[PDB]
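Chains as they are written, first to last, in the deposited numbering: chain R, 80 to 151, 155 to 167, 193 to 577; chain B, 106 to 209; chain S, 1046 to 1097; chain F, 472 to 523.
Positions of the beta carbon are idealized from the N, C-alpha and C atoms, including for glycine.
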Amino acid sequence: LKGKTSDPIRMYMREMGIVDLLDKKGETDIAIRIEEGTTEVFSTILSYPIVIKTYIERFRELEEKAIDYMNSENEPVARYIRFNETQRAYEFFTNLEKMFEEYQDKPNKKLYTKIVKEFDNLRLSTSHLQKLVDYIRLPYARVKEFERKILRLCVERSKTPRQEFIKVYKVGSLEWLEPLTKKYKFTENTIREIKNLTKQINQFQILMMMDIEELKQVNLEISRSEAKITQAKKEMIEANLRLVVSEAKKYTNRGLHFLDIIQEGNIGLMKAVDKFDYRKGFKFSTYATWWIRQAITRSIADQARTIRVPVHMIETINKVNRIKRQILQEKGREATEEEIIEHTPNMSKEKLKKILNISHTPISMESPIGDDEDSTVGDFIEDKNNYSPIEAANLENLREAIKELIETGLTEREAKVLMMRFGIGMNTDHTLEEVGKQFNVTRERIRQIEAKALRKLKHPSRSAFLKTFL
Amino acid sequence: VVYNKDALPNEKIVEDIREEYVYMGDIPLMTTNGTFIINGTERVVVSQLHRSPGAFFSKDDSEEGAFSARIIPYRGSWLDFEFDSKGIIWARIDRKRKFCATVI
Amino acid sequence: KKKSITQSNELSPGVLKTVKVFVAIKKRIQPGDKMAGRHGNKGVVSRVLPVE
Amino acid sequence: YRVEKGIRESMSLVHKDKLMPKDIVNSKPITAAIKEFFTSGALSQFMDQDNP
DNA sequence: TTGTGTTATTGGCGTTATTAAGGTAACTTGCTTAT
DNA sequence: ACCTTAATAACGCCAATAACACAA
């Protein structure tokens, strides 16, 4: 009961095993429920004109991205549009294009039925279906963006009515804000802006169809059908939460605690429920454990460490490990890497010299050391990337040395040249052609001047003293 | 050993007539003088003194008659049976709500 | 003497070569060390006086 | 305890002919416990080797 | 002091070894981890 | 535990170009 118990695992298990386990009858019943829901939303989608022309347009985009290939002996392959329908796909598309032309020109009933039936021929599971429902939604999304925007632009200026919405809200007009001359919203810039936005609104509608009520109801019916399907799938998934926990008992200490294990399981299950069709007479329990296992092992390989590691490098490690145990508990001896490779699909003899070099999870800095004079590792790591107050005192003794050494050299010139050409208190360390302009002459013998300065500096009068710093 | 292994139809009677000396693990031996060489470092395992397993009666006498009892097990969880000021025989399992001993 | 791992150990992979060095040194008592008879008395050597 | 608990599950992957009673038994959770008690326990310290 | 030889770099190129993503349809359904 | 595929960032290339040098 709800009795102050804090640890969440119980507060989840309680609700988890509440609703009853079901039988194949119920499973297939809710399956055909979700199937007929999907067919409802599908059928009710493609009963609008622009849908198929936009479909054909996306096919045109694939056509040009296909022509972009011979620039680099088939139709250039790309079928990420439809799943399990390329010559047949392309040809069907050609028929679609031409017949759709005739459709948009002449008829009323017949060829619309023809195109919906040839669509009934097609096969798309959930990706492209959602692609189309967004094909419809996103336009409504953008026009609602523009509506919210014109509101926010005018309503908090135009006398701030906020309640005379019924008078102003008439959209696609650009005939209401002119009386606003004799009303509020002295908003000329805003005037041309809202006229731009309403222009784009009418333009979007022209692209699509008549006024907002031509799409609002479409989206409403879509929401309804989708809510039916959602409730069906929710009832389905809620029936087998226990399968998750049952399978998740093996992986229990490999690096992750239990709750997140369970969550990854539930992800891999929720992803499994919608791609499992009743059309084959089978058991949901059989097929779903595949997805459960995939999710759990993927998450484990993902976040079982601090220093993340790719997944292939991890399954190869597991393979090496199983081989090592097999041989240890068979021949007594331990490694004999000659044997580790002598029968292995690894097909390499150097990766092993690296695949196990990353085999130490980092120790934690706060592990006491038993007796060991009563300390911990977290006070033996020391700063290594800085300059200890001696490492940074043997520098100014040189940073200032040569700053004087040079002051007993040239009158001024070679000093200027060494500063400019090496960079000392400068900003860039200029190049030969820069000093070449500094003195208006001597594009070349500037090098001679620097050579003279250096040959003048390497004299035991000035040299051996500095020789220490190296 | 195995057999047909049907619904107890001579379940495990007939097969698997073999056996072998499976490897188990490693056992650290002690020298003649009572030390162990662990990673080449002579170590010693001092003995340990610990309470005995049985029944122990005491009385934490910031009261009168505040007797108690303990059933100390060699491995597990240890019961008790305490009294009160009035004479109630409570009961707890290693730590718990103080429920009456008649529950058991 | 050769039934080792050809390098005398499993080497704890990652390690190429290792060497052990053994150094010995006599030490004599000096002002500061700590003596103690068997009867619980103790102290710190404070000086060293010439024989005479 | 550990190895036998694992034993009751290494039979749920039958793939062999006339299975021998050796593939079943595991070893690790025995040594990786004995050795640990020997190498980290509080009751196993270096032998203080000052003098006999 | 002006000619003819390097060079040191530096964006471009391809190449591919390495990483990330996704998919299997015989049936499988609820720890508590321990002075 | 096993694949079957796109996708990405490191690595080798030989020319260009800006810079440096070396004989009179």
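At a beta-carbon threshold of 9 Å, none of the residues of chain F lie near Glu116 (chain B); the nearest stands roughly 15 Å away. The Cβ-Cβ distance between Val119 (chain B) and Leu514 (chain F) does not fall below 8 Å. Within 10 angstroms of the beta-carbon of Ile142 (chain B) lie fewer than 16 other beta-carbons, which makes it exposed. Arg161 (chain R) sits in coil when the DSSP states are folded into three classes, being neither helix nor strand. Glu143 (chain R) and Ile135 (chain R) have their C-alpha atoms roughly 12 Å apart. Secondary-structure assignment with DSSP links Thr483 (chain R) through a beta bridge to R:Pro475. With respect to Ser157 (chain B), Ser173 (chain B) sits apart: the two C-beta atoms are not nearer than 8 Å. Residues of the segment 486-504 of chain R whose Cβ lies closer than 9 Å to any Cβ of chain S: none.
Per DSSP, the beta bridge partners of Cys205 (chain B) are B:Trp195. When C-beta atoms of the segment 305-318 of chain R are compared with those of the segment 340-354 of chain R, fewer than three pairs fall below 8 Å, so the two segments do not count as touching. Listed along the chain, the chain F residues whose CB falls inside 7 Å of the CB of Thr137 (chain B) amount to none; the nearest CB is some 15 Å away. No Cβ-Cβ contact shorter than 8 Å links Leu350 (chain R) with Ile407 (chain R). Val107 (chain B) sits in a strand when the DSSP states are folded into three classes. The beta carbon of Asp478 (chain R) falls within 8 Å of a beta carbon belonging to chain F, placing the residue at that interface.
Chain-order list of chain F residues neighbouring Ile143 (chain B): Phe509, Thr510, by C-beta distance under 7 Å. Within chain S, the residues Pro1058 have their CB atoms less than 7 Å from the CB of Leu463 (chain R), given in chain order. For the C-beta of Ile501 (chain F), the chain B residues within less than 9 Å are, from N- to C-terminus, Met129, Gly130, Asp131.
In the displayed model, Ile142 (chain B) falls within a strand according to three-state DSSP. When S:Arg1092, S:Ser1049, S:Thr1051, S:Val1068 are compared, the shortest CA-CA separation from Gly1077 (chain S) is found for S:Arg1092. Flagged as an interface residue toward chain R: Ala513 (chain F), by a C-beta distance shorter than 8 Å. When the Cα atoms are used, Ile447 (chain R) and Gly116 (chain R) turn out to be separated by approximately 55 Å.
Non-local beta-carbon contacts of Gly477 (chain F) in its own chain, meaning distances under 8 Å to residues more than five positions away in sequence, involve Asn497, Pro500 in chain order. When DSSP assignments are scanned along the segment 89-134 of chain R, the uninterrupted stretches of alpha helix (DSSP H) that are 4 or more residues long and fall wholly within it turn out to be 103-124. A straight line joining the alpha-carbon of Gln270 (chain R) with that of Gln237 (chain R) spans about 37 Å. Counting C-beta atoms within 10 angstroms of its own C-beta, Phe204 (chain B) has fewer than 16 neighbours from the protein chains shown and is therefore classed as exposed. Taking a contact as a CB-CB distance under 8 Å, the pair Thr107 (chain R) and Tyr385 (chain R) counts as one, their CB atoms being some 5 Å apart. With a cutoff of 8 Å on beta-carbon distance, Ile403 (chain R) and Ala355 (chain R) are scored as near each other. For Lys493 (chain F), the residues of chain B that pass the 7 Å Cβ criterion are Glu125, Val127, in the order they occur in the chain.
Taking a C-beta distance under 8 Å as the contact criterion, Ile476 (chain R) and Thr483 (chain R) qualify as a contact pair. Rounded to whole angstroms, the separation of the alpha carbons of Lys458 (chain R) and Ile430 (chain R) is 15 Å. For the pair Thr118 (chain R) and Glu328 (chain R), the CB atoms are not nearer than the 8 Å cut-off. In the displayed model, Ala499 (chain R) falls within coil according to three-state DSSP, outside both helix and strand.
In the DSSP assignment, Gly1088 (chain S) forms a beta bridge with S:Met1080. Taking a cut-off of 8 Å on C-beta distances, the segment 503-522 of chain R touches the segment 548-565 of chain R, as three or more cross pairs fall below it. Separation of the CB atoms of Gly375 (chain R) and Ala411 (chain R) is rounded to 16 Å, and the pair is thereby denied contact status at 8 Å.
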